[PDB]
*Asks:* 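Encoded as structure tokens, here's the structure I'll be asking about.
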Amino acid sequence: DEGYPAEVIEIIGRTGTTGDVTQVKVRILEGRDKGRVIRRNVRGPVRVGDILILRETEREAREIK
Amino acid sequence: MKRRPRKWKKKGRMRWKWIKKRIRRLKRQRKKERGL
Amino acid sequence: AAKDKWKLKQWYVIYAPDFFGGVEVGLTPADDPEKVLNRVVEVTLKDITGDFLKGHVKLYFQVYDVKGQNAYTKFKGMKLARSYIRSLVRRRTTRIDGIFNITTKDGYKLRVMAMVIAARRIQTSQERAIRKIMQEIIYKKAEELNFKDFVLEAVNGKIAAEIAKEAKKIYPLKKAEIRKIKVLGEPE
Amino acid sequence: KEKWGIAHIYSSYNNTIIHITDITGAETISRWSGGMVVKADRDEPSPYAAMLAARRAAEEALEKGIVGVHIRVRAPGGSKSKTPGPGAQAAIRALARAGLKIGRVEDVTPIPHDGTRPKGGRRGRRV
RNA sequence: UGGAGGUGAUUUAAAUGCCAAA
RNA sequence: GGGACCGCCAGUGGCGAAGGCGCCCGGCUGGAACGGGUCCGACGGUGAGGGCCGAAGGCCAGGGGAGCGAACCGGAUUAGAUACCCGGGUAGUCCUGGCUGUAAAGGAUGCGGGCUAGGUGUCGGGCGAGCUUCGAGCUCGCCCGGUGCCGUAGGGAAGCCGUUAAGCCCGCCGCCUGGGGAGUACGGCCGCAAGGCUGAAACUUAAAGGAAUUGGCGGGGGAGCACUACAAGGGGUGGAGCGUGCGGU
Ligand SMILES: [Mg+2]
Ligand SMILES: [Mg+2]
Ligand SMILES: [Mg+2]
Ligand SMILES: [Mg+2]
Ligand SMILES: [Mg+2]
Ligand SMILES: [Mg+2]
Ligand SMILES: [Mg+2]
Ligand SMILES: [Mg+2]
Ligand SMILES: [Mg+2]
Ligand SMILES: [Mg+2]
Ligand SMILES: [Mg+2]
Ligand SMILES: [Mg+2]
Ligand SMILES: [Mg+2]
């Protein structure tokens, strides 16, 4: 309902039609899946140590090269 | 018909298969007009 | 209404046939005891006897008799897993198959599929010789034993060991197996 | 003791079907497809639709006493494609997250030994 | 290093060449 | 219950004159390689006329009909869409007995014989040596016959070919003589039909055709770049009246 905080640990690379999306790896900080590491797509500038708020934690982005 | 493999090249002409079909259509008509 | 129709079902216990131990293998729901007949259940050999080696052997049991909440089964067929056989077949080896129709001592009709893998490519005459050896061994075993003993030796690996030992004289081998068994008819 | 069932998963390029039955295969517990959870034809084969359908099926099965399942996943096979669509693994993962135990996993796509001829002529689709 | 084969796929629509050069 | 088809193993691997031939067991039958102090004794090569074989499709009689699918009937796309795409569907594809005799039927390379550096794979037979779980097994070397690659002399317009010649020599048969008109007209033979084999002229034309080079282009591939490109943003022009430049009248 209020989402789950996750923390950025690694930057993978840019993607998207116009290069506007970045793929990152995050570690969940709260909820049922605390501690798990999954990769995600993020819009906007981001750096290591940022914290995202996820509305769901069972979708994982397709790996890029 | 006799083979002329030079005719199958496509530069500056239409496809040989369809020229052959057109000729055969035209030959049937002359044959039918002969027997009458 | 739909939840009402579900509550009418009862759960029946399924047992393995007599010569496999007659142990419990699972439960099936059904509203009328007659509808349980002829249902088929597949289990691995590892469940019947604990050993992590024979986990790619699959057995089929078919229901024939219901008494109370228990259903009893008969042996129907055996098969090896697809991923296991698909891993033995490689390039630069040779695969020999032979499919035979047999009758046991007590008039049971079986069809048996056996397979052999050789270390390299071989000539077709050597394939024919190996296939002939397979046919001889299987016919003799079928004439020798009863249905239950034949099935037990077929799944325990004894027949395959005999076939490999006999066929090493034509070419060194990599594997030898009974790939598949299906029961075709029963005595009267 | 333990009531175990079977999850049949059918995956193509156009849709996904998740069908939970009992151990013998003859009695149906639940059955959900992609077109029952999403409204766009374009989204029927997507992984997210697979997750939604799998969750619905798992809940319906859990309420009726099933504890775990064995999984049988298939493509259309036959003279059609032999490769499962994108929604197979997503459906497999969502069953375990919903509370069922998972048994053995195998694929049962039907494969011919040189059978019937495929549609499209001797040149195939020309797009 | 340079070659020869095989099996798979390949995300809407998109026709034409006039004044000239003289 | 039914009709068609034999996956992986499978290999510039095997067999056949070519077309073609891939589930297993049994019967009949054709050809080739190797081994050979065996027999005959030039019995040979090519082959005008003539004969037989010959993918798919088609035709004539009788069966069969699962899947696919000319014609055709619907749904879309489009300026139109007699198409490409989607849902159906007759002939045909399959079996028996005949006719037809055609393919980029291409190794685009007719067949027999002698000779002219090497190197390296693989299939069949034989010989020698060494191993071995004693296997119709494994490794290495040599001879003959098939089947691939790289290459010296030589050849060639070049691409390339090179003991599997497109090299040097000894034979026989077939075919060609600038581009079109034309594989047409007329005559003849063959076929149930569809068609096959044979095959000119009047006239027209200065090139047609081959192999390779430098660029330019692709609704081909890769690598890079730009606020007169986009993405993320801030402000606008296009609607009104007026200043000024241009077309027209
Ligand atoms: Mg020529
Ligand atoms: Mg739907
Ligand atoms: Mg198009
Ligand atoms: Mg143009
Ligand atoms: Mg159609
Ligand atoms: Mg050919
Ligand atoms: Mg040899
Ligand atoms: Mg050779
Ligand atoms: Mg060379
Ligand atoms: Mg004539
Ligand atoms: Mg601009
Ligand atoms: Mg912009
Ligand atoms: Mg204005």
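Chain A is the first sequence line, chain B the second, and so forth, proteins listed ahead of strands; every chain is numbered from 1. We use all heavy atoms of the structure for the numbers below, so side chains are in, but hydrogens, waters and symmetry mates are not.
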*Asks:* Whether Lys148(C) engages the ring of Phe19(C) as a cation-pi pair (distance to the six-membered ring centre under 6.0 angstrom, angle to the ring normal within 45°) should be assessed.
*Replies:*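 No - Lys148(C) does not lie over the ring of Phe19(C) by the 6.0 Å and 45° rule.
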*Asks:* Counting only side-chain nitrogens and oxygens, does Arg126(D) get under 4.0 Å of the OP1 or OP2 atom of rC84(F)?
*Replies:*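 No, outside the criterion.
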*Asks:* Is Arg122(D) touching bases, backbone alone, or none of the nucleic acid, heavy atoms closer than 4.0 Å?
*Replies:*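 Counting heavy atoms under 4.0 Å across all strands, no contact is made by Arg122(D).
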*Asks:* Expressed in whole Å, how much space separates the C1' atoms belonging to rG13(F) and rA4(F)?
*Replies:*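 Their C1' atoms lie roughly 30 Å apart.
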*Asks:* In this structure, which one of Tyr15(C), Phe20(C), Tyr72(C) forms a ring pair (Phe, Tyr, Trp, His ring centres under 6.0 Å) with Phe61(C)?
*Replies:*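 One option only clears the test, and that one is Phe20(C).
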*Asks:* For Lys11(B), which contact category applies under a 4.0 Å heavy-atom criterion: base, sugar-phosphate, or nothing?
*Replies:*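 It contacts sugar-phosphate atoms only.
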*Asks:* Base, sugar-phosphate alone, or nothing: which one does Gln123(C) contact when heavy atoms must sit under 4.0 Å apart?
*Replies:*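 It contacts sugar-phosphate atoms only.
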*Asks:* Partner of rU10(E) by Watson-Crick or G-U wobble geometry, both contacts under 3.5 Å, or none?
*Replies:*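 Looking at the geometry, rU10(E) pairs with no nucleotide.
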*Asks:* So what does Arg24(B) hit on the nucleic acid, given a heavy-atom distance under 4.0 Å: a base, only sugar-phosphate, or nothing?
*Replies:*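 Answer is sugar-phosphate: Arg24(B) comes under 4.0 Å of backbone atoms only.
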*Asks:* So, is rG11(F) syn or anti if syn means the angle is within 90° of 0?
*Replies:*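 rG11(F): syn.
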*Asks:* Indicate, with a heavy-atom threshold strictly under 4.0 Å, whether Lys119(D) touches base, sugar-phosphate, or nothing.
*Replies:*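 Counting heavy atoms under 4.0 Å across all strands, the contact made by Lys119(D) is with sugar-phosphate only.
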*Asks:* According to a strict under-4.0 Å criterion, is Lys27(B) in side-chain N/O contact with OP1 or OP2 of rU184(F)?
*Replies:*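 Answer is yes, contact under 4.0 Å.
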*Asks:* Under 4.0 Å between a side-chain N/O of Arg120(C) and OP1 or OP2 of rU139(F), yes or no?
*Replies:*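 For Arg120(C), the contact criterion (side-chain N or O under 4.0 Å from OP1 or OP2 of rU139(F)) is met.
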*Asks:* When both hydrogen-bonding distances must be under 3.5 Å and the geometry is Watson-Crick or G-U wobble, what is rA229(F) paired with, if anything?
*Replies:*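 Across any shown strand, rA229(F) pairs with none.
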*Asks:* OP1 or OP2 of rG11(F) versus the side-chain N and O atoms of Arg91(C): is any pair under 4.0 Å?
*Replies:*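 Yes, within the criterion.
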*Asks:* Decide if a Watson-Crick or G-U wobble pair links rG167(F) and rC115(F), counting it only when both distances are under 3.5 Å.
*Replies:*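 Between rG167(F) and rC115(F), a qualifying pair exists.
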*Asks:* I'd like to know if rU163(F) pairs with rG209(F), where a pair means Watson-Crick or G-U wobble geometry with both distances below 3.5 Å.
*Replies:*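 Paired, no.
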*Asks:* Do we see a donor-acceptor contact under 3.5 Å between the side chains of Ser12(D) and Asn15(D)?
*Replies:*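 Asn15(D) and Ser12(D) do not have a side-chain donor-acceptor pair below 3.5 Å.
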*Asks:* I'd like to know if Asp65(C) and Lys67(C) make a salt bridge, using a cut-off of under 4.0 Å between side-chain N and carboxylate O.
*Replies:*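 A salt bridge is absent here (no side-chain N lies under 4.0 Å from a carboxylate O).
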*Asks:* Answer yes if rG14(F) and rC21(F) form a Watson-Crick or G-U wobble pair with both distances under 3.5 Å, and no otherwise.
*Replies:*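 Here the two bases pair.
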*Asks:* Counting only side-chain nitrogens and oxygens, does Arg121(C) get under 4.0 Å of the OP1 or OP2 atom of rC9(F)?
*Replies:*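 So the side-chain polar atoms of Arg121(C) never come under 4.0 Å of the phosphate oxygens OP1 or OP2 of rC9(F).
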*Asks:* RNA chain F: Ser125(C) or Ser79(D), which has the more 5' nearest nucleotide?
*Replies:*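 Taking each residue's closest nucleotide, the earlier one in sequence belongs to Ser79(D).
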